[PDB]
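This is what each chain is made of:
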Protein chains: 2
Amino acid sequence: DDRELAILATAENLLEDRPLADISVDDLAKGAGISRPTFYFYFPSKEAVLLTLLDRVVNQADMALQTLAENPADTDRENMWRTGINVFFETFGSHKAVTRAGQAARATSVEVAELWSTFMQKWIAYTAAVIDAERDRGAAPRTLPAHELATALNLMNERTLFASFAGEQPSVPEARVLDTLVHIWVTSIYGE
Amino acid sequence: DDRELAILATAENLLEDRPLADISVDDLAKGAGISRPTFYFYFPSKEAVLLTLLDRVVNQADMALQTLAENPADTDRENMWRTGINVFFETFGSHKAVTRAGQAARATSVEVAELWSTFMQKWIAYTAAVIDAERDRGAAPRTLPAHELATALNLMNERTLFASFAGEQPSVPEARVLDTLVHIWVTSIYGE
Ligand SMILES: O=C(NCCC(F)(F)F)c1ccc(C#CCNS(=O)(=O)c2ccccc2)cc1
Ligand SMILES: O=C(NCCC(F)(F)F)c1ccc(C#CCNS(=O)(=O)c2ccccc2)cc1
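Along each chain, residues carry numbers from 1 upward in sequence order, and these need not match the entry's numbering; residues missing coordinates do not appear. Ligands are numbered from 1 and chains lettered from A, in the order in which they are written. As a rule here, side-chain values cover all heavy atoms of the structure and leave hydrogens and water aside. Residues with missing side-chain atoms are left out of burial classes, side-chain pairs and their counts.

(A) Quick look at the interface of chain B and chain A. In what follows, a contact means two residues having at least one pair of non-hydrogen atoms within 4.5 Å. Every contact between the two is made by 33 residues of chain B and, on the other side, 33 residues of chain A. Buried area between chain B and chain A, summed over both chains or domains, comes out near 2700 Å², and the portion from carbon and sulfur atoms is 70%. Buried area, as used here, totals the accessible surface that two parts lose on assembly, with accessibility defined by a 1.4 Å probe and the loss added over both. Summed over the three residues of chain B that lose the most area to chain A, namely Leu155, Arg159 and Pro170 of chain B, the buried surface amounts to 21% of that side. Between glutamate 168 of chain B and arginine 106 of chain A there is a salt bridge, with the nearest N and O atoms lying 3.7 Å from each other. Put simply, a salt bridge is a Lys or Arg side-chain nitrogen that is within 4 Å of an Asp or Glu carboxyl oxygen.

(B) Here's a closer look at helix α9 (residues 174-190) of chain B. The end-to-end C-alpha separation of α9 of chain B is 25 Å, in line with the 24 Å expected for 17 residues at 1.5 Å each. For the exposure calls, accessible area comes from a 1.4 Å probe over protein chains only, and a residue counts as buried if that area is under 20% of its type's maximum, exposed if over 50%, partly exposed in between. Secondary structure elements are defined from DSSP: runs of H or I of at least 4 residues count as helices, runs of E of at least 2 residues count as strands, and each element is numbered from the N terminus. Among the 17 residues that make up α9 of chain B, 13 are buried, leaving the element largely enclosed by the rest of the structure. Multiply 1.5 Å by the residue count of a helix minus one, and that product is the helix's expected span.

(C) Up close: the domain arrangement of chain A. Residue and element names in this part refer to chain A. On domain assignment, one finds that chain A holds domain 1 (1-45) and domain 2 (46-192). Relative to domain 2, the C-alpha centre of domain 1 lies at a distance of 29 Å. In this complex, domain 1 contributes 16 residues to the contact, which on the side of domain 2 involves 13 residues. Where domain 1 abuts domain 2, roughly 1300 Å² becomes buried across the two surfaces, and 71% of that area is made up of carbon and sulfur atoms. We define a polar contact as two N or O atoms separated by no more than 3.5 Å, with the added condition that, inside protein, one atom must be a possible hydrogen donor and the other a possible acceptor, whereas residues neighbouring each other in sequence contribute only through side-chain atom pairs. For the interface between domain 1 and domain 2, the tally reads six residue pairs in polar contact. Put simply, the parts of the chain that give the side of domain 1 that touches domain 2 at least two residues each are α1 (2-15) and α2 (25-32). Ranked by residue count, the leading element in the side of domain 1 that touches domain 2 is α1, at six residues. Note that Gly is not counted as nonpolar here; it falls among the polar residues with everything else outside the nonpolar set of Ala, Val, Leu, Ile, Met, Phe, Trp, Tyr, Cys and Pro and the charged set of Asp, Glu, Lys and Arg. Among the residues forming the side of domain 1 that touches domain 2, the class breakdown is 13 nonpolar, one polar and two charged. These domain limits were set by an automatic method or by a database of domain assignments.

(D) Focus on the pattern of salt bridges. Per the stated rule, a full pass over the model turns up 28 salt bridges over all chains. Between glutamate 134 of chain A and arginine 137 of chain A there is a salt bridge, with the nearest N and O atoms lying 2.7 Å from each other. The exposure class assigned to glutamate 134 of chain A is buried, which follows from its relative accessible area of 11%. On the accessibility criterion, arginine 137 of chain A (57% relative accessible area) is exposed. Here the residues in one salt-bridge network are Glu78, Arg82, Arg176 and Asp179 of chain A together with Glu148 of chain B, joined through shared partners.

(E) Spatial organisation of the site of ligand 2. Residue and element names in this part refer to chain B. Surveying the vicinity of ligand 2 reveals 19 residues, the closest of which are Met80, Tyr126, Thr127, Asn154 and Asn157. Within the side chain of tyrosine 126, one N or O atom sits 2.9 Å away from a nitrogen atom of ligand 2. Between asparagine 154 and ligand 2, the recorded distance is 2.9 Å, taken from a side-chain N or O atom to a nitrogen atom. Accessible surface area values rest on a Shrake-Rupley calculation with a 1.4 Å probe, where residue burial reflects the displayed protein chains alone. For ligand 2, whose unbound accessible area comes to 640 Å², protein coverage reaches 95%. For the shell around ligand 2, the secondary structure elements donating two or more residues are α5 (77-93), α7 (110-136) and α8 (146-165). When the residues that make up the shell around ligand 2 are grouped by side-chain class, the tally is 14 nonpolar, four polar and one charged. Residues are classed as near a molecule or strand on a simple rule: at least one heavy atom within 4 Å of it.

(F) Inspection of the site of ligand 1 at higher detail. All names here are of chain A. Around ligand 1, a shell composed of 19 residues is seen, among which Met80, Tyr126, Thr127, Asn154 and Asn157 lie nearest. Protein chains bury 95% of the 640 Å² of accessible surface belonging to ligand 1 in isolation. Secondary-structure elements contributing two or more residues to the shell around ligand 1 are α5 (77-93), α7 (110-136) and α8 (146-165). Looking at side-chain class alone, the shell around ligand 1 contains 14 nonpolar, four polar and one charged residues.

(G) Examining helix α2 (residues 25-32) of chain B more closely. All names here are of chain B. Within α2, burial applies to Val25, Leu28, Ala29 and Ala32. Along the long axis of α2, the arc covered by the buried residues comes to 95 degrees, so they all point the same way. Positive phi shows up at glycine 33, right after α2, with a value of about 80 degrees. Arc definition: directions from the helix axis to the C-beta atoms.

(H) Structural context of the nonpolar core. Counting residues in hydrophobic clusters, the biggest one holds 132 residues, and the most contacted among them are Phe92 and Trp123 of chain A together with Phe92 and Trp123 of chain B. Discounting chain neighbours no more than four positions away, the residues touching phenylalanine 92 of chain B are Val57, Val58, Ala61, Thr99, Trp116, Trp123, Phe162 and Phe165 of chain B. Working definition of a nonpolar core: buried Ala, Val, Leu, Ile, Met, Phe, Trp, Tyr and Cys residues. They are joined through side-chain atoms within 4.5 Å.

Next up, the structure:
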């Protein structure tokens, strides 16, 4: 479990410099101070290591969001949405290599794809429930179906956060991405 | 060139049923009514076939958008933005397998990635120029930097159009995706 954490730290450190395809099991064993068969005792494959790393990062974001949901900020609605979006900006932005590699793995691994899909459904359902609350309270007008609006806003964040972290061309500079998303969320949720 | 079109039609037809990884050069040659070495005369690889198919689809969208830019619809601004977004909805939605496969290839092929990147820069620059025109005319307020807003809106369309076409979970139903995007564009461009 000390050895399990070493393998995970090693893989995260190596993913900073090259993609999964260019990391071997022997690379992971060696960085973690173990042999190849001992590695295989903890994980069936390098792909299982990535899946665990992504799982931990996705769970970290999810728990931070649950914490925030229970403990709303005392501020205006634009700043509340910013604090929510910020959960993902900071959590995934603190783990850029796992983010990029976990995202590429969605194409090749059904476990990575299903993990992503489960959490995006949860985050979208929570986004729609808050939009519905805002509407029920008369702060937001009833425009699009809340679930469809929430779906597009979450997919926008996914693609736009992750492009910014990878410094893709094109992308929103990382120091501008938070304000850019919060503007689009607030205008599309509250705007007639 | 008759044989080149056959290879392209064959690959598009086969991509409807399986990914590129599961299509062989011999599969492409056989569907197009040629041998393997004759195939290799027209394309250096199955990846070069995908790149050409994506190139044709991206150019088709780009030209349709240029046509629209010169020949604006005579209608209210919400419907004008809808006609623009619709270029991509119809062009890429008419070529779903190429869209999905071209998008997966971005991870593995620098030519596919560079092609995508060039056109997204062009479409974003045109989006920002129209937003700037709307602002200059006093129809839209000066909120976010236009280029940053345009970048996020284009990345939203990319991810949300393509998720809907692939029937990803989660996604906006394809029959609702156009209205959903147009709402977010109009509110975020015109909303204070
Ligand atoms: O970015 C998101 N989803 C995509 C995640 C990604 F990027 F990692 F893919 C995201 C998902 C959900 C939220 C949210 C929220 C709402 N909670 S809230 O901000 O605390 C809030 C706002 C307004 C009133 C009450 C509470 C914000 C952002
Ligand atoms: O969807 C887009 N880009 C992403 C493409 C994708 F999805 F394939 F990745 C997209 C890019 C640009 C536009 C546009 C536009 C503006 N032209 S316009 O709609 O004709 C117009 C509107 C308002 C006033 C004047 C003209 C619309 C959509």
